[PDB]
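Here's the structure, in structure tokens; my notes come after.
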Amino acid sequence: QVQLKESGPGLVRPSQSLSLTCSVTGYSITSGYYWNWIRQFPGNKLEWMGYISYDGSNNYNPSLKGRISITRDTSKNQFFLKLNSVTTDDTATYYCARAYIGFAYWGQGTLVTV
Amino acid sequence: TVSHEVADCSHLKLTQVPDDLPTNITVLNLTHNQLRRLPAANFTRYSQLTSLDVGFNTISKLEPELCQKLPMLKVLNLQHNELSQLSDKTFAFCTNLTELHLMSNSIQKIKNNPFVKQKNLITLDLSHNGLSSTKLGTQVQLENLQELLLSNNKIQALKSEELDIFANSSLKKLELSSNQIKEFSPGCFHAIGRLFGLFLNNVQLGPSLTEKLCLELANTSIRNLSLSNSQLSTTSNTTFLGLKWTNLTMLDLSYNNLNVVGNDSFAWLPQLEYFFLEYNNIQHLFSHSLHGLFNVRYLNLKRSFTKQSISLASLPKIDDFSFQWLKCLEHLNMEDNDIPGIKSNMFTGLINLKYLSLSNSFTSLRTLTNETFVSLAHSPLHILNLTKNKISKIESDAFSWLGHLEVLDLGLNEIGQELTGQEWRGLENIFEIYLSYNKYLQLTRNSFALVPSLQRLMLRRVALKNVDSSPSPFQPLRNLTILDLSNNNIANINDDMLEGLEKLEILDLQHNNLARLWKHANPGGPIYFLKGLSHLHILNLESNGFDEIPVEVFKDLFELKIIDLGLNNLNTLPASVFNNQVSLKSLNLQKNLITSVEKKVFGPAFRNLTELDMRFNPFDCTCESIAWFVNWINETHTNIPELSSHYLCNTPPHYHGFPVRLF
Amino acid sequence: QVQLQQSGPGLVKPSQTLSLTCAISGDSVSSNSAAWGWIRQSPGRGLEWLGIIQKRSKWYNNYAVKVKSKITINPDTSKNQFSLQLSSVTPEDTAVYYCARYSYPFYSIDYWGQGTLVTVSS
Amino acid sequence: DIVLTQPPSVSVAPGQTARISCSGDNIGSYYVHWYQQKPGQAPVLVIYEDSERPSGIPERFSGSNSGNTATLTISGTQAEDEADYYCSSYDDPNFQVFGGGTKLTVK
Amino acid sequence: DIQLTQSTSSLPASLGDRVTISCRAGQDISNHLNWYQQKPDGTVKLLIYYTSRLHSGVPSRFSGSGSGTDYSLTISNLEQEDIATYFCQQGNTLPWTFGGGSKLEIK
Ligand SMILES: CC(=O)N[C@@H]1[C@@H](O)[C@H](O)[C@@H](CO)O[C@H]1O
Ligand SMILES: CC(=O)N[C@@H]1[C@@H](O)[C@H](O)[C@@H](CO)O[C@H]1O
Ligand SMILES: CC(=O)N[C@@H]1[C@@H](O)[C@H](O)[C@@H](CO)O[C@H]1O
Ligand SMILES: CC(=O)N[C@@H]1[C@@H](O)[C@H](O)[C@@H](CO)O[C@H]1O
Ligand SMILES: CC(=O)N[C@@H]1[C@@H](O)[C@H](O)[C@@H](CO)O[C@H]1O
Ligand SMILES: CC(=O)N[C@@H]1[C@@H](O)[C@H](O)[C@@H](CO)O[C@H]1O
Ligand SMILES: CC(=O)N[C@@H]1[C@@H](O)[C@H](O)[C@@H](CO)O[C@H]1O
Ligand SMILES: CC(=O)N[C@@H]1[C@@H](O)[C@H](O)[C@@H](CO)O[C@H]1O
Ligand SMILES: CC(=O)N[C@@H]1[C@@H](O)[C@H](O)[C@@H](CO)O[C@H]1O
Ligand SMILES: CC(=O)N[C@@H]1[C@@H](O)[C@H](O)[C@@H](CO)O[C@H]1O
Ligand SMILES: CC(=O)N[C@@H]1[C@@H](O)[C@H](O)[C@@H](CO)O[C@H]1O
Ligand SMILES: CC(=O)N[C@@H]1[C@@H](O)[C@H](O)[C@@H](CO)O[C@H]1O
Ligand SMILES: CC(=O)N[C@@H]1[C@@H](O)[C@H](O)[C@@H](CO)O[C@H]1O
Ligand SMILES: CC(=O)N[C@@H]1[C@@H](O)[C@H](O)[C@@H](CO)O[C@H]1O
Ligand SMILES: CC(=O)N[C@@H]1[C@@H](O)[C@H](O)[C@@H](CO)O[C@H]1O
């Protein structure tokens, strides 16, 4: 019973920046695994954006170079997304997920329109 | 609710298009009602409509089908409605339209192409709408349009990016008045395929801005330019400069408080034919102010010059030769001014002038002399108007230069003098002389001996004296046809006053005192002064105090059509007094003391009459006195106005309000 | 019959300029009764409008906002063809480009170009 | 402004009648056009000024525009009619406005 | 950057039958494939990881095979619930990429 839930803006004006917050309950985001940000384009295509490991040293997807930020707040147990220069092709259902062998627990999803 | 091939349903509180009307109507006036929409179904039966006027309603939008249901509709009038959103479908099917009236609809802007379909349209009126621009389409349309009306809008620029949608159109009228324009961005008028008339009235423009407009108008087919109430404070040789490259033939500059007209201001207008300069405050008309206008044939200077303020030579000033360039000027009007007087070369150089109106043009022309109108000697003046100029004396040969003059109005002046007849010397083709409404006019026998061609002579209210000469002052006027001698308290007329005037047709003698001259008891017999007047058609003898008519005064007037002797004391008339009046069509004894309309008197007159008026008479309601008249009334076709209300019986006591037509 | 024939580089590098050419036959570019423009379609079905040119007294060009700073359409009467250019293209500009004849009154597109795929990838 | 919006997909049994709707706030106030686009092909105008077709488009195709919806109707559907369909109009800044497109499928 | 194509068996399935969703990759991902069940409700679950290993509570109808560039997911017999969409995903190489998906529909 270790799930996680997303939250944030449902609407963002183009060429601006998007930010989302994912809370995690049941398990501290600093104990283990890897903490991911996965989006789903409108045509049901999926794309992993990046993670933030238990220790902090994170990894980002090549297709989002220099414009993707994944930080965390261990004091209140959450991690955040920050997407710079949000064009129109960055409209998707944004999932937050945890993974060691594969993404084992996902979030309920939230839709972002841009 | 009204029809004669034209369904008038105007002002009927209608909230519903009538389905009553016949289906063969071609015009349908539905103006001033409470209609809020025109559903095309309700117009299916009226398919023959060519004109549909539905102004003054609460209509919000038109469904496209409305047009499809009237496929002959040529005139659509939706003025003064709430129609403020225009789509591409509002008029899309109204193709045979030639007039579209859209005034007063709070139309703030026009979107795409409402009118692109109206290929036959000749007139488009979008006035009294909040239009902030002349943009009516996104493509070239309306090539058949002749009248574009956009007056009374918030339009403040003319830009070729918006008028070039008319690049295939020939606009006879482009009405842009009562708009606050501030810029004429370049090319804007060459955008239009052909621009013939432009109207910018009540357009606050000014002298420098006006200059630009004319430069923009350069090399256009412009012919009519109207800058009325343009706040044109002054002009300069530079103002209408661009109009140099035009063939402009009409220019309106009226109501501009035009204060100073620089020289050559209108030098650039050699094709101009009509100049309207009335109602300005021009201070001083210099020599070269009108230089160049050598093709103008109609100028209007009514109230053009400044008004005398307190007289310290606050009067206007017209230098001599100021009109010498208008070679083609046929018709000059300068009336209602404060010019101090006619100088010796004022009108010099006007070799085509035929009509000159100088009514109240002057402070005062106190004395006409043989020098006054000398500057006109070389013009073919036919009509000269000198009314309301306080003229007081006319001297010999005053009009000697006006050789071909034919009409001369000296009325409404303060002329008090003896007419020696020298005055009229030179008037060789004169036909009319008006001298009515003056101070005093004393006649001699030669008072008109120098004008035998005279046909009309008007002598109304001049306290005329010496009409009773041995050969009447009128004897040399043997082709007089209209003579007015009224309001002169004439108490003595001689028998042979109108002798020789065989052609006299109208004779007005009302408001005189020649009453006793037709009493039987006159010392020497009554004066038969109407004898020999065969062609007399109109004779007016009202308010003369007559109370007898001699049995044969009218014996020679067989062509007399209107006889007019009311406001007299006539009670009884000699039998057969009107016998010879066979063409008589109007008999008038309106306010008199008549009591007895007997057949022996009025029979021949009433025979055939177009109209009779003998109202307000003390009619006696007795058979011997009124009976035959009452029968004739109920019978005759001659119309008797106010018959049932102003023909009242006065005797006997028992019949007093009885309208005479009821017994 | 009228027909539009595109031509130009289908591979263009980022920050560079896309440049295409619609060559008309069976109709004039300076003709009335029609305007000329471009329509783009990203491979995810989005069929979107770019801009047009048209002549009344002069040539006017109304571009879509979103390319209002990069696009340039203008006609070439000497060759009877019109052109499209985009400056500083991003990979977002990868799409299929059609030149198009809008016709008056209401700007319906009777005739299209064959389409030219242009890809903005390094 | 104006925002044309048409259904994502529709299928039709061959020989039957297809209708593809195009809604929009007061679309009846506009003239609508219809473009047919088959896979890997430029579109083709099939209905313009919303009602009647161009030259060479078959009579099977027909359109209307009433109220807040405009529909392209394809009677007697053939196999070739399988394509994507767009409705269009123009408002002043943008001289062509497009719907989402409808992907029409036939057995 | 890594290639994942999905291909299934017979398109509409009969309830209670074997269904195979195959997955083909670009280069040898050393059996690092995973499988996700997303019902149109939006919920995403992990079913299979490291090719064959199933998660807990995942019923034994689900079983994955394949070694190298070719993989698969199999249902030993379909059921109402198993009616949803399935994405194969790898982890062998960064970035972690997905497959197109495959809709499992009955009737
Ligand atoms: C605004 C108006 O005219 N409304 C009437 C409507 O009430 C009536 O039911 C219908 C039947 O003809 O005719 C329409 O003209
Ligand atoms: C121009 C025309 O046909 N007018 C007829 C009229 O002659 C006839 O008397 C009336 C019915 O009484 O119906 C009208 O429509
Ligand atoms: C093409 C067309 O419909 N022309 C109409 C004609 O049918 C009608 O007889 C006439 C009288 O209004 O008006 C024309 O404009
Ligand atoms: C058959 C007939 O009556 N014809 C006339 C004719 O003047 C013209 O064909 C047209 C007028 O637009 O329609 C009628 O007035
Ligand atoms: C100041 C100026 O522009 N003057 C030109 C003139 O030289 C030319 O002859 C004419 C028509 O060609 O158009 C005028 O506007
Ligand atoms: C360049 C030129 O000829 N300018 C004349 C100037 O000589 C003249 O003095 C003035 C009116 O006084 O009118 C200008 O049009
Ligand atoms: C300014 C202007 O309109 N000039 C024209 C001229 O070009 C034409 O050759 C001539 C023939 O009538 O008529 C003149 O009015
Ligand atoms: C060809 C032309 O312009 N005609 C009219 C003319 O009927 C009218 O007498 C004149 C007033 O000066 O206004 C013009 O617009
Ligand atoms: C022939 C003539 O008109 N001469 C005078 C000139 O002597 C005078 O200096 C000037 C005043 O500004 O006005 C001119 O009209
Ligand atoms: C008050 C004044 O200077 N008036 C001059 C006048 O002297 C001159 O003769 C005329 C041109 O002929 O131009 C006027 O403006
Ligand atoms: C200024 C003046 O006295 N006018 C009067 C007036 O009755 C009328 O308006 C005019 C016709 O123009 O004729 C005159 O008798
Ligand atoms: C003043 C002059 O040079 N010529 C005559 C003058 O001899 C004559 O006295 C006067 C009328 O009295 O009419 C003038 O035209
Ligand atoms: C015979 C004649 O033309 N009389 C007119 C008169 O009607 C008018 O009231 C007056 C002022 O306009 O001007 C006179 O010229
Ligand atoms: C010096 C002078 O003024 N002589 C004129 C004379 O030429 C004219 O013939 C005569 C008749 O009116 O009037 C005189 O005043
Ligand atoms: C002296 C004079 O003008 N006589 C004319 C005469 O020539 C003309 O025959 C007649 C009317 O026909 O009118 C007379 O007044």
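Ordered by packing density, taken as the mean number of other Cβ atoms within 10 Å over each peptide's residues, highest first, how do D:6-16, B:109-119 rank?
Most protected by this proxy first, the peptides run B:109-119, D:6-16.
Per the protein assembly as shown: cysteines with no other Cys C-beta under 4.7 angstrom?
Result for the protein assembly as shown is B:9, B:188, B:214, B:328, B:623, no neighbouring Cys Cβ within the cutoff.
Listed here are the pairs B:555/B:600; B:111/B:182; B:61/B:111; B:154/C:58; B:61/B:117; C:55/C:79; which of them are more than 19 Å apart at the Cα?
Result: B:111/B:182; B:154/C:58 exceed 19 Å.
Hey, quick one: spin label on residue D:2, modelled 7 Å out along Cα-Cβ, who in segment C:81-122 has an amide N within reach, i.e. under 15 Å?
Once the point is set 7 Å along Cα→Cβ of residue D:2, C:103-109 turn out to lie under 15 Å by backbone N, inside segment C:81-122.
Express as a percent, rounded to the nearest 5, the fraction of DSSP beta bridges in the protein assembly as shown (both residues included) that run antiparallel.
Close to 60 percent.
List the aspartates and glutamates whose Cα lies under 18 Å from the Cα of residue C:68, skipping any in the same chain that are fewer than 8 positions away.
Qualifying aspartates and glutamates at Cα under 18 Å: C:48, C:92, C:93, D:91, D:92.
May I ask for the distance between the Cα centers of segment B:107-123 and segment B:208-261, given as a whole number of Å?
Measuring centre to centre over Cα atoms gives 30 Å.
With the dipole of the protein assembly as shown worked out from charges on the C-beta (+1 for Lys and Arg, -1 for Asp and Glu) around the Cα centre, which of B:412, A:86, B:218 lies farthest toward the positive end?
A:86
Which of B:351, B:25 has the fewest other C-beta atoms within 10 Å, and how do the rest follow up to the most?
Result, fewest neighbours first: B:351, B:25.
Ignoring everything except DSSP H segments at least 4 long, calculate the 222 nm mean residue ellipticity for chain B; use -39,500 (n - 2.57) per segment, divide by total residues, nearest 500.
It lands at -1500 deg cm²/dmol.
May I ask for the distance between the Cα centers of segment A:10-80 and segment B:575-594, given as a whole number of Å?
118 Å
With the crude spin-label approximation of a point 7 Å out along Cα→Cβ, what separation in nm comes out for residue C:92 versus residue D:55?
The answer from the label model is 4.2 nm.
Nearest 0.05, what FRET efficiency do residue B:250 and residue B:208 give at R0 = 25 Å with Cβ-Cβ as r?
With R0 = 25 Å, the Cβ-Cβ based efficiency is 0.60.
Give me the inter-chain shielding for B:160-167: mean count of other chain Cβ atoms within 10 Å, whole number please.
Average per residue, whole number: 3.
Could I have the simple spin-label model distance between residue A:59 and residue C:74, label points 7 Å from Cα toward Cβ, reported in nm to one decimal?
Taking the simple label geometry, residue A:59 and residue C:74 are separated by 5.2 nm.
Strictly over 27 Å apart at the Cα level, which of B:439/B:531; B:393/B:519; B:354/B:393; B:89/D:103; A:65/E:103 would you flag in this model?
The pairs that break the limit, which is 27 Å between Cα atoms, are B:439/B:531; B:393/B:519; B:89/D:103; A:65/E:103.
Which of the three applies to chain B, rounded, prolate or oblate, going by the alpha-carbon gyration tensor with a ≥ b ≥ c and a/c under 1.5 meaning rounded? Walk me through the intermediate numbers first.
Details: a/c = 3.21, a/b = 1.37, b/c = 2.35.
Oblate is the answer for chain B, as a/c is 1.5 or above yet b/c matches or exceeds a/b.
May I ask you to compute the full-extension gain from residue E:5 to residue E:69, defined as 0.36 nm times their residue separation minus their alpha-carbon distance, rounded to one decimal in nm?
My answer for the length gained is 22.0 nm.
Across peptide A:94-106, what mean number of C-beta atoms from other chains lies inside 10 Å of a residue's C-beta? Before the final figure, lay out each step's value.
On the way: counts 0, 3, 0, 3, 0, 6, 2, 8, 16, 9, 5, 3, 7.
Average per residue, whole number: 5.
With a point put 7 Å past each Cα toward its Cβ, work out how far residue E:18 is from residue B:20 in nm, to one decimal.
So the label points at residue E:18 and residue B:20 sit 8.8 nm apart.
What's the FRET efficiency of residue D:69 with residue A:108 using the Cβ-Cβ distance as r and R₀ = 35 Å, to the nearest 0.05? Mind dumping the intermediate values first?
Working: r = 35 Å, r/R0 = 1.01.
According to the calculation, E is roughly 0.50.
Using a simple charge model, +1 on the beta-carbon of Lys and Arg, -1 on the beta-carbon of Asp and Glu, nothing else, what dipole does chain B show about its Cα centre, in debye to the nearest 20?
The dipole of chain B has a size of about 1340 debye.
Applying 1/(1 + (r/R0)^6) with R0 = 45 Å to the Cβ-Cβ distance of residue B:551 and residue B:439, what FRET efficiency is obtained, to the nearest 0.05?
After rounding, the FRET efficiency stands at 0.70.
Averaged over E:92-99, how many beta carbons belonging to a partner chain fall within 10 Å of each residue's beta carbon?
Mean partner-chain Cβ count within 10 Å for E:92-99: 5.
Report the charge-dipole magnitude of chain D in Debye, nearest 20, computed about the Cα centre from +1 at each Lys and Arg Cβ and -1 at each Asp and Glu Cβ.
Once rounded to the nearest 20, the dipole reads 440 debye.
Projecting each Cα onto the charge dipole of the protein assembly as shown (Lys/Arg +1, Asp/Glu -1 at the beta carbon, about the Cα centre), which of A:109, E:2, B:80 comes out farthest on the positive side?
Going by the charge dipole, the pick is E:2.
Please list 3J(HN,Hα) in residue order for segment B:257-274, calculated via the Karplus relation 6.51 cos²θ - 1.76 cosθ + 1.60 where θ = phi - 60°; whole Hz, with x for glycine and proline.
Going residue by residue, I get 6, 3, 9, 9, 10, x, 6, 6, 3, 10, 4, 6, 10, x, 9, 4, 10, 9 Hz, with x marking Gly and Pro.
Where is the GNM fluctuation largest for chain C (alpha-carbon springs, 10 angstrom cutoff): C:41, C:16, C:54?
Of the options given, C:16 has the highest mean-square fluctuation.
Could you give the dipole magnitude of segment B:546-632 about its Cα centre, charging the beta-carbon of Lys and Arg +1 and that of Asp and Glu -1, in debye to the nearest 20? Working shown, then result.
Values: 8 positive and 11 negative charges, 50 e Å.
Charge dipole, segment B:546-632, about its Cα centre: 240 debye, nearest 20.
Here the Cβ is made from the backbone with ideal geometry for all residues, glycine too, and neighbour counts use every protein chain on show. The numbers here are math on the coordinates, done by the rules we state, and not lab data.
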